[PDB]
Structures are given as structure tokens and as C-alpha cells.
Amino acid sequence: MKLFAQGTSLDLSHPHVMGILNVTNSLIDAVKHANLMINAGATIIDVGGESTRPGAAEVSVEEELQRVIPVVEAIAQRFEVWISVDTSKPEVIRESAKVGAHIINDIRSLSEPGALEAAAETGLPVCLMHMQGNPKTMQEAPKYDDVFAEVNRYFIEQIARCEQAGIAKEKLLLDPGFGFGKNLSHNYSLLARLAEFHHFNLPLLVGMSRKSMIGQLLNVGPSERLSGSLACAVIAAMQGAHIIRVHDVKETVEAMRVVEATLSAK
């Protein structure tokens, strides 16, 4: 299983660690952080200029472009690493691809006006993530009759929507969207049944690093969640998840080697 973008490819025969690069001189530092994550073994950098917590500011198109595009460019020029852009805005999707972005990672699965068309035109890989509602309201009272079945249904419909716009199935990644309109119970149901999403024959991407599903279980703050984050990452990668989105790259990469050695022997 492979992905293709910007003339290169990503070989998904082993788990990949995707390092988080938040962009909120800013440019000097982002590049430094990207370099460390690459030295620690990250094969993808996820660049994002808009926060997804409920009180977060709606960032304007011009503010998001100013923060994200120079970082994406500066990485594609310096390094061989793949670049994921964490945006919902067609303009950022377009401008990101023009300066070397390899993956469109949209928490809203191209629901914004023009995002679907913009993504198709780039020809890049697209991640389709599940969220109930939207970031400012999704955690109030998340509800499912059956959370696995409903996330599954959502992937069926969104793959179809992507194909209808000329985005081939082979471009797509799927992500159950841990913490995106889900309580503690919902998150763990999804993680326990993650391997069952393989029936789509598509790369699974997961993001659980330092999240509330760990925080509520250990009753600790974000800085104290590493062990819980590694446990999540290992549980996911053992079930065949292809890309793991994390803050702590060195440690996750180390844990992924142990998983890979275990999977190779199986």
C-alpha cells in the first residue's frame, strides 16, 4: 500500500509517525521544530494554523495563509519529508499544493464550500476524518446509537462523495477522529474496533496524542500524558493503523519499531 504526491511516494508497509507542527520569528522556529521531528524519525509533518478546541478563534483565510504557506514551502525546500496540511479552506488547500504539500488533512472532510473541488484539482491524497457536529459544540453532548456503525456509515458516504468529484479511492485516507464529538466511552469503542475499518482497503490515520480520552482516564494534564499516548499509538498500530499523529515523535517512533518487529514476526 502506497501514496503518491509531488513526484515521490510514501510506502505504508510499516507505521509512519506524523509529527504535529502548530503555527500559532515564527518561521525560524517552525523550521527548527520540523528538523528535530525529522531527526527523531517523523516521516510526515502536519502543519496547522487553526486550533480545534471549542473557544478557538475562527482564523481568517488571510491569517491562515500567512502562517501556513511559508512553513510548508520552507519545509519542502529544505527536507525530503512529506507534508500534511491541516486546513479546511480551499485557498489554503490550493496554495499549499503549489508550494509542495503532499496530503490534505481536513478535520471537516472537505465540507466547506469549494474545498471538495479545490482538493480534487490538486490531485493530492486526502484524509477523511469523522466529526459529529463542529469544533465549538461537538463535545457538549455527543450521542450515538452505535458509534462504530455510524462512523463506518460516514466513511461509506464520504468516499462516494469524494469519488463523485473525481477524487479516486486510492487518494483517500480514513480517520475515526478521536475526540471529535465523542465521549470517553465512544473513543474507546472506536479504538477497540479500529481494525474493522480495514475493510475499505484504505490507509487508516489516527490522532490520539495527549488527548482528553487519555486525560480523563489518568486524571492528569496534557504534559503528563505521554505513557497513555504511547499506549494509544501502540494499540492502533498493532491493529494495522498506517499513520499515527503525535506530539512526541522520538518516543512514538521507538514504540513503532517494537510494533513493527512484532508485526513482522506474526
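Note that residue numbering follows the sequence shown and begins at 1. The term rigid core refers to the most C-alpha atoms you can superpose between the two forms while keeping them within 1.5 Å.
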query	finding
Which of 166-174 and 127-135 lies farther from this form in 9 other deposited structures of this protein, as RMS of C-alpha positions after a rigid core fit	127-135
Rigid core superposition result in 9 other deposited structures of this protein, more deviant of 193-201, 47-55 by Cα	47-55
Absent coordinates between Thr24 and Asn25 - deposited residues affected, binned into four classes	10 or more
101-109 or 162-170, whichever carries the higher mean Cα B-factor	162-170
Higher-B stretch (mean Cα B-factor, as the entry records it), 52-60 or 197-205	52-60
Most elevated Cα B-factor in the entry, residues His186, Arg78, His130, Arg153	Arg78
Entry-reported Cα temperature factor of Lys89, expressed as the chain third it lands in	middle
Among modelled residues of the same chain, the CA temperature factor third for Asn35	highest
Within-chain third of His14 by Cα B-factor, per the entry	highest
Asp175 CA temperature factor, ranked by third within the chain	lowest
Chain-relative CA temperature factor third for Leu116	middle
